[PDB]
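2 protein chains.
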Amino acid sequence: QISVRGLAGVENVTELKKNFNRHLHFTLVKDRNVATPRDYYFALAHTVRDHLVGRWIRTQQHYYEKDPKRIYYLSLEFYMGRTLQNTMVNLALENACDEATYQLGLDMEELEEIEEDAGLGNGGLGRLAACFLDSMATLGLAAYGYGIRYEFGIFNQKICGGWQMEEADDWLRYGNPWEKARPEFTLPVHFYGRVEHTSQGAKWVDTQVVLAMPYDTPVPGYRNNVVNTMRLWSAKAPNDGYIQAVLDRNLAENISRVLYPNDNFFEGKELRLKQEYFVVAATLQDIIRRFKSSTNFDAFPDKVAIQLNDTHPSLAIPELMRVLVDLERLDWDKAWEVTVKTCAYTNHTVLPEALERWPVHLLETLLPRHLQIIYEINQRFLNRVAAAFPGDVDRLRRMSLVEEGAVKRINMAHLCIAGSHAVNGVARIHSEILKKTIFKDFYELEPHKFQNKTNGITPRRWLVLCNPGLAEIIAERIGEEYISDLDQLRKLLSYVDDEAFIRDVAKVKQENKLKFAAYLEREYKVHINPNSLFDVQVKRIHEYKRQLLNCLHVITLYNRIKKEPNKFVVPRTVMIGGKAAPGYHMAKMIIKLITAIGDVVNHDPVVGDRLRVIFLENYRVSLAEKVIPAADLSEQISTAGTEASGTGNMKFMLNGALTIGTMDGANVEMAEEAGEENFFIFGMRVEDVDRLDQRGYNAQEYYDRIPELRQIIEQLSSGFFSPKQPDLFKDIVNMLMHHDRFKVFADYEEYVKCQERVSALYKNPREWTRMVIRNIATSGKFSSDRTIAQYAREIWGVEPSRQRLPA
Amino acid sequence: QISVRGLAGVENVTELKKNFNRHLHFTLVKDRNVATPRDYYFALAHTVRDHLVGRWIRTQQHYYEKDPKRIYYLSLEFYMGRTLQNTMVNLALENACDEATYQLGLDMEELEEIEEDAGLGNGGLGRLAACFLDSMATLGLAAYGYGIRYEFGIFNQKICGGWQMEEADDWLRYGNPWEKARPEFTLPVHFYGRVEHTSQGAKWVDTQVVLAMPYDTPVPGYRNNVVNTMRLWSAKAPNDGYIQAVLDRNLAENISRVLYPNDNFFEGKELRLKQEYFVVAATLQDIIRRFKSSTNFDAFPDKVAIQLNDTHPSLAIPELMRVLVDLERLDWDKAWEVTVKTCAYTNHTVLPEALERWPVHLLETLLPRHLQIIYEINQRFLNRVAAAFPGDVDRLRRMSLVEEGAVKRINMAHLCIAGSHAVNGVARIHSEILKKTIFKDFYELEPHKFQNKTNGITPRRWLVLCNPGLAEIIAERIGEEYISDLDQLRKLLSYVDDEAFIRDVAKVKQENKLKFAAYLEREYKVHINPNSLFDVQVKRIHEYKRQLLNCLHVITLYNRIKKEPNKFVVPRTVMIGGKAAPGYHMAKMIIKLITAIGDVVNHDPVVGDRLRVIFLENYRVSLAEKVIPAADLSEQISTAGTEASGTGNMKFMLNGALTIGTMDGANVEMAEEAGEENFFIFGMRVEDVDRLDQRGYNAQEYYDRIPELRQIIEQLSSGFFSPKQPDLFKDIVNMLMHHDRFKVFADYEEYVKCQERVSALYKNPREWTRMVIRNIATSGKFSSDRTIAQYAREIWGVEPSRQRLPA
Ligand SMILES: O=c1[nH]c(=O)n([C@@H]2O[C@H](CO)[C@@H](O)[C@@](O)(CO)[C@H]2O)cc1F
Ligand SMILES: O=c1[nH]c(=O)n([C@@H]2O[C@H](CO)[C@@H](O)[C@@](O)(CO)[C@H]2O)cc1F
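Quick mapping for you: the protein sequence lines, in order, are chains A and A'. A prime marks a further copy of an entry chain.
Counting with the authors' numbering, you get residues 12 to 251, 261 to 314, 324 to 836 for the letters of the first sequence.
Counting with the authors' numbering, you get residues 12 to 251, 261 to 314, 324 to 836 for the letters of the second sequence.
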């Protein structure tokens, strides 16, 4: 049907059809008379999987022959979403399968909707890991993703009476056709025990053993025949009154049961520590095994790179020391040199409550040897500090891996910097902030460790897969090469005054909005005007992300309409979506506020269809693929200095939404790439936030001087939005007024004014679209292919390659 | 190679080879260079499974079109063992696969050894269920096996320092290629709650829901293209702080976690009650669903038969009442008529400690509605009793489903008799004992309910599969028809004086012994003389089975050798094997005694290779398939009146061992079929046991009069067999002397004398073999095909059919 979706040759369609029928019969044990749509999805999924395996086996064979340096990406999160369409895209089978299933009388799109998301992540950091695997395969790097096969991923979000309810995400219920269990590669992991010192060094004894069983999932590169591996570990009890003993096997296996649903918040629970060691201990054994099948660990850093996605797998550092010192009998100094040269660390936040600071008594019980290695690391590190800054006793306590206080803690971030040859932030402004503030001391010691690697997104999932209409009209004009070289989108700048392109871009957006508006009614009974501006804020719910600022704007628009009902306003559909961590009370209250606003606004006859406020339930990867292409306005409104990067922002820019936001995270590089005139920037810069802090933030001041703001607060306090419980929102008002760490009021005036400028541009469709073209055309930098190429060259020491492997 | 194993046509071998290669590549994702023997087993298993599915789909289709009466076999145990070879046998693919794997350079037999047993049973009762499924498919009955998919089956038995150690049987670790998950057919099961009475009858409310997910395993008939279904239910939690809530899902799912390892012993644990209801509640919903897709439940008993394998699924009775009365709104009397006509009950023991007597307080909490239905059943039943035996108040309390006492209990056996149209024992003597003793009262009320159905074994697994050599020499002479008409073995009587046959029978036995002797050294480092008589007792360890009597004989032989070292004795290898329930202390002590005897006997240089005592570790189905063909003497020595049937006995008769035993269980019918002269019968009959009881059993008497017995006891008491702990066996001696319920001493003299007659026959190879021929030739009655044909005609009301379905 459309050209980017590949060829539907007669040989391929015929081959796919009979393989579909084979799997339905032999694999699913069904016939056409009893098969449900779910059986058809599986038959298609198995048929597509068949095309992967040949390439998968040869890719692993190739890496064995050639023996290149291997990249190990360690993450506790891999937010993969669905695999079927993505696999088709990267294999050029999309049209072929469309044809083949059409001829069998089935609608492929309907079948795609049946696949469960692999929601093995929380948000940005987990999805970054997913985009990265895609890009690594597309760039032909010998790269492995390592993590945990959670039985339950991020919870499904249900709204009941406007409240979030969490229900277990049981994504393996019907099975996962993509994974291959590899029980033969099972590995022991140790916990508890004690440390013995012998003549021949320390020994870790009396441990409890948990077995780690790997599952391999294929990661196909874009049309290059490269298929890399994602290896996820599952917890299994060893085989050594009776009934209870068997039932107690669940204790060991609980390790891989459930993903912790905190985003940007540290919770010091033991089960989470067990998860962190489990992935690290099994992964490192696997790495060393593969290394030995190529005595001399000098070459280890030439053959191995290990990337740490945040501090979650930071125990890789003392674990590698443990293995090298205790088991391989290398001397400390040589083992340490190997470790530093092998490991690299990526930071994703500067919020102090997000930093992992493990109580020493936990590490002592669970990992007594690792605590000893950490104390030894800390001591030798502090000796370097003392030697470089003699007499500076305060530097010593600031830089320590060990924090003193009520309870002693290990600062895992300090550990990562000391034990890594490179430390990076995830956007330029974030990388600068790390150097100026929380890691200043470390930067002064070792300036050469600190780098920037601005985040990116994969244009395969985030353009071709979710927005074929837009990919097609672009391909019509500039070809297909841009899909793996997103810089080529610049060529689109010479179409900015082209009447045909302007009409096509706008037509694609209209189609996406129509389709999404239909999806809203069919799956969630909600009535929206598709001619309105689609104003969307989707991301995890957090105070720093300031969904509350958005709420205040929405209430302002409503109050303005009610004040002058017969005045013309640009109509809007305001969509806010995202999950709150189950114990984050404030986040839960914000979700409730949003729905309460919708209850009032959406049922006011005076408002008409001019303003609708929708909360998007169960925001997740597959919902993102639908709403992002349909958006006109992307809300990226974090208080300056708090959002490390953002990647949602990039998804919107790539798909033809304009951005309203602060000079925060990657926003800064986006505006810089598109031109500030092509972006809606408002609010305090980082420096303004600092000035406000030194002086003191007094929210009363804004309440006293802005009548429109005062009215909103009075409405909140008095029960306008909660008529049956007048004081339902006292916590929110109280926080806004007395302890807002994120200065919602300080940005309010500028935000509202900037929002008027957006509405004005929207009234002029042609100029709106011309600005969109200028965004799409400069989004090339934000490809994860660029990001990974920089990781590869400046951290890992490997050259990317665009070259095909033989078919 | 051998004719009973089918054709190895060139088309088939070629087809099998490429399908093997297909599965290795696409299903296992391996190539010939990285594949282990385990990968090869799986590739073969998937290849064979492919031949089943076509037939499986058409068999289920056929039953839909024709709509015959359906048999539902409800059991908590299905002791299946391995599936690969059995599937090959029943499909006539054995030689073809042998050829095909040989050409790929693999040894099929080596690959077969890799398959884990499905040990979803304890012993006799579980294996009966397995033989039955085979026979039902072979007889073309529309029959379904229903049970529980235990995650862990019967424990693996390890011997350490001569003690039993139990380790978890993790049989699903590497996956099970035979099962098909059917998550789409998932069904809710209810527990706890309370009962509400409305205008419109009783309602069961506030229940906890556990989901039952079915797994279907194919059951192929013998060369008839019939493939029936075994459906095993798995426990799943429904999808509705947070972390703990998810971890607590294990509580619900523990229902199908582990098989209770008691044999002939009731343990009143709640988890076991949950298992019993779980299988019954999900199974009945499935039955009724299938019935409705053919309002009028009059026809229900014409379309449904439900067989209860012991009292374990007895809750089917009040559950069917519950569904019919509470949900379908039939009146009591009509529902009851339907229930009785639908249900039938098989008893497997008369030992009072084996009978299920559930505490009322358990049923009250867990199943409050079922308790009400039971009280109502009991009341109306006792009204029939009162009306038939007016004034007999003691009959009323004896026959009650409710037992009075310290704690009130439900007698589940009384429930089954009242709610079933037929009740059967499992051998003629056992069926008579039920009528004369424990169920006398019930027999006098309803004589027409009581039947006999003597047990059988399947000649497919128990001759063709495990003893191809013997099946072949038989086929040479009488053809192949006997495999599904085992009565034809009679034709072998005219070969009893045939010199060629005599030599062939004996040659096959010698080969089996050689092969098993090799297996002993290769897998368990033990040195045995293959010219010795193989004296084997394999079965669960239990006092009534009298492994202890066997021990006393063994010690006697040893004491006789030591007394006259230079006198000739027929050499023996004495093999005893079987698992003890983990909490059955006495059973555990008997295992220890056996090994201790081996420690003394096997290392005495005076004994030479004349007497060896081996304990066979981890006795299970696949070990039975090896040891049974190698046996010369089958030990079946239970105290008369205690062993309901036995089926091990039948396995030995079929495979050319002679039997030493008591007139107990099926032994009686075996001797009657072969002629008493062709059998080694000894000891008290049932009547003698009764006489001894009335008078009183005084073991001291035998100790005072039998010097050889006195010496053995003195050896036990004084530490001859336990030199480091002289009093290790005080419990055993004490039991033998003061509270032996099974009268070991009373049978001792006769047992030893009968054992001398065995040795004498063994000295004359030709006459030994002629007697063997007379056993094999009369074992036809003991085919499970005969058993199931009698169940079908006299209980279920369906005609068996030997006719092929189209290929
Ligand atoms: O716990 C965390 N979880 C998480 O998803 N991020 C995110 O990591 C992303 C990837 O670097 C960034 O783009 C981000 O700025 C917005 O999601 C950042 O907040 C950062 C954390 F600290
Ligand atoms: O709990 C039990 N488990 C069990 O396996 N059987 C057996 O059920 C078999 C099948 O009917 C019989 O042959 C038997 O006599 C010897 O195993 C009998 O003991 C009887 C029980 F009661």
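Don't be surprised by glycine CBs; every beta carbon is placed ideally from N, CA and C.
Neighbourhood of residue i by C-beta distance below 6 Å, restricted to the same chain and skipping five residues each side
i	result
A':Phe196	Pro225
A:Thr112	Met119
A:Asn282	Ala610
A:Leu745	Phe758, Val762
Same chain, Cβ closer than 7 Å to residue i, five either side skipped, listed in chain order
i	result
A':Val352	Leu304, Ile308
A':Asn763	none
A':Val216	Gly204, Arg205, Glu207
A':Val801	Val534, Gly685, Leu687
A:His73	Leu834
A:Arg269	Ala248
A:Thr98	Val59, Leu63, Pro231
Proximity test, residue i beta-carbon vs ligand 1 heavy atom, cut-off 6 Å
i	result
A:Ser674	yes
A:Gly134	yes
A:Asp145	no
A:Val367	no
A':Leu139	no
8 Å contact criterion, which residue i and residue j should meet: CB distance rounded
i	j	result
A:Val534	A:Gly685	6 Å
A:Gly151	A:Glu88	Not really, about 25 Å apart at Cβ, beyond 8 Å.
A:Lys574	A:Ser663	With 8 Å as the limit, A:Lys574 and A:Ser663 do not qualify as a contact, their Cβ atoms being about 13 Å apart.
A:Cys445	A:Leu344	Not confirmed; about 10 Å, so no contact.
Close-in-space but distant-in-sequence residues of the same chain around residue i (CB under 8 Å, 5 per side omitted)
i	result
A:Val493	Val15, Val100, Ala500, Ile512
residue 257 of chain A	Missing from the coordinates: residue 257 of chain A, inside the break in chain A from 251 to 261.
Burial state of residue i (16 or more Cβ within 10 Å)
i	result
A':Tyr553	exposed
A':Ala246	buried
A':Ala435	exposed
A:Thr378	buried
A':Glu296	buried
A':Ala328	exposed
A':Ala669	buried
A:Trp174	exposed
Residue i: CB within 6 Å of a non-hydrogen atom of ligand 2
i	result
A':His377	yes
A':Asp283	yes
A':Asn484	yes
A':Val455	yes
Go through the region 668 to 696 of chain A residue by residue and report every complete run of the alpha helix (DSSP H) that reaches 4 residues or more, in order. 677 to 683
If we require 3 or more residues per run, which beta strand (DSSP E) segments fall completely within the region 569 to 617 of chain A'? 601 to 606
Which parts of the region 379 to 458 of chain A are runs of the alpha helix (DSSP H), unbroken and 4 residues or longer, counting only runs that do not cross its ends? 389 to 395, 397 to 417, 422 to 428, 441 to 448
What are the start and end residues of each continuous beta strand (DSSP E) run of 3 or more residues lying completely inside the region 696 to 726 of chain A', in chain order? none
Where are the beta strand (DSSP E) runs, 3 residues long or more, that stay fully inside the region 85 to 118 of chain A, in chain order? 89 to 92
Length-filtered (4 minimum) alpha helix (DSSP H) runs lying within the region 171 to 218 of chain A: none
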